[PDB]
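In: I would like the atomic coordinates for the input below:
(one chain, ligands or ions: 4)
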Amino acid sequence: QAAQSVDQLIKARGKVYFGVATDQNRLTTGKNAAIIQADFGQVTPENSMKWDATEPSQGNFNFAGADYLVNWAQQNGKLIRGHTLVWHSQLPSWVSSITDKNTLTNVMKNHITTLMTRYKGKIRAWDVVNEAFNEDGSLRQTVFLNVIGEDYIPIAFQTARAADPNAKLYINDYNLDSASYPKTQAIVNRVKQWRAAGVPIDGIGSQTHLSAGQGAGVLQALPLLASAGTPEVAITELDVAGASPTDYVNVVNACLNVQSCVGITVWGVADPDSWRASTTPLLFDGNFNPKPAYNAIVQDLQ
Ligand SMILES: O[C@@H]1[C@@H](O)[C@H](O[C@@H]2CO[C@@H](O)[C@H](O)[C@H]2O)OC[C@H]1O
Ligand SMILES: O[C@@H]1[C@@H](O)[C@H](O[C@@H]2CO[C@@H](O)[C@H](O)[C@H]2O)OC[C@H]1O
Ligand SMILES: O[C@@H]1[C@@H](O)[C@H](O)OC[C@H]1O
Ligand SMILES: O[C@@H]1[C@@H](O)[C@H](O)OC[C@H]1O
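Out: Numbers count the residues shown, from 1 in each chain. Ligands and ions are numbered 1, 2, ... in the order given. Shown next is the structure:
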């Protein structure tokens, strides 16, 4: 645990939170629980709420890991971001084997409804749809798009809002780090069109999985993302190859510059536990000590 809390400091700047991804296996080992307790104010289940973990068989739900995280979060007063409802990855084979429009639609709705009602009122935001865009801005051809068509997105969001009107509904994606990139512009145009049609998209989530030097691009990309008109936008799965303080400060400043940016979520605590460990992209090293990037963010926020 570090002496200065980036979450407390970001709160003093007028933002809602600075959080991290985690799960039961992380919370019960290392110094993870201590660091999240003292330095962060929000958590996102890294894997316990995905489709493969929660509904391995149709109608046969498993909330073990998910229940653990929510309970731990409430007890410690940490905000929660549900992650993630509709995604083509980590999807049970029984889902992708469905070729009937009606069936897949009801199945997708049942999945969304069940997960969201179980935690009704306890989740700040949900990543309803994850990675729905191709790099060129076109909609990714997944089983949902193929079987249901474009309407699967409006349906998912409409169903989510019905399940828990208290949560902020987000569409989440990566590679939205440059204002000139086609994907970035496309999501802004698509969200604008959807909202104009009454689809309840409260926020755009920007994963922000960066490589060295890409932090500078976010200074322009976030404001562009914000121009879609959504109530909120957020940095949802931040990590930077090399963990340079320059890149990290740039992403934080980008959020401080955009009024609709509610907060930032870093994808993990310690480097070795990162899904990109080989690039030591996190704010804490293997010894669970804060890295220069952590101290630079703190100095920047104070
Ligand atoms: O639309 C709302 C924004 O007006 C709000 O903006 C915050 C206001 O306080 C400032 O200190 C913060 O920097 C800024 O983000 O954010 C929430 C949103 O709902
Ligand atoms: O522990 C790993 C997770 O960190 C990883 O999380 C995904 C990373 O890519 C993002 O686009 C997704 O939103 C996020 O869920 O998933 C694999 C797991 O092994
Ligand atoms: O069961 C939990 C699992 O769902 C999560 O993905 O990782 C931690 C485990 O304890
Ligand atoms: O698998 C995806 C990966 O390609 C991207 O870089 O980050 C998000 C992940 O979901």
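In: In terms of helices and strands, where is the closest residue to ligand 3 within the chain?
Out: The chain approaches ligand 3 most closely through residue 65 (2.6 Å), counting by CB to the nearest ligand atom. All C-beta spots, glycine's among them, are computed from the backbone N, C-alpha and C. Using DSSP states H and E, residue 65 maps to helix 64-75.
In: can that helix be found next to ligand 2?
Out: No: for a cut-off given as CB under 6 Å from any ligand atom, helix 64-75 has no contacts with ligand 2; the smallest distance is 12.2 Å.
In: Show residues contacting that helix.
Out: Applying CB atoms under 8 Å, 6 or more residues apart in numbering, the contact partners of helix 64-75 are 22-24, 27, 33, 43, 45, 47-49, 53-54, 78-80, 115, 119, 122-123.
In: for stretch 290-300, same thing?
Out: 2, 4, 6, 9, 240, 243-245, 247-249, 252-253, 282-285.
In: Spell out which parts of the stretch 201-302 of the chain neighbour ligand 2.
Out: Listed as neighbours of ligand 2 in the stretch 201-302 of the chain under the rule CB under 6 Å from any ligand atom: 207, 237, 267, 275.
In: and whatever residue of the chain ends up closest to ligand 1, how many residues sit next to it?
Out: Closest to ligand 1 within the chain is residue 14: 2.1 Å, counting by CB to the nearest ligand atom. By the criterion of other CB atoms under 10 Å, residue 14 has 8 neighbours.
In: Need the three-state assignment for the residue nearest the centre of the chain.
Out: Central residue check for the chain by CA atoms, centre = their mean: the C-alpha nearest the mean position is that of residue 236, 3.8 Å away. At residue 236 the chain is in strand, as set by DSSP: H, G, I helix; E, B strand; the rest coil.
In: Would you check how far apart it and residue 144 are?
Out: Relative to residue 144, residue 236 is positioned 20 Å away (CB to CB, to the nearest Å).
In: ok, which stretches of this protein are strands?
Out: For the chain, applying DSSP state E gives strands covering 17-22, 42-45, 79-86, 125-130, 168-173, 203-206, 209-210, 232-240, 261-266.
In: What is the longest one packed up against?
Out: If you count contacts as 3 or more CB pairs under 8 Å, 6 or more residues apart in numbering; DSSP states H and E, strand 232-240 packs onto strand 125-130, strand 168-173, strand 203-206, strand 209-210, helix 215-226, helix 245-257, strand 261-266.
In: Noted, bye for now.
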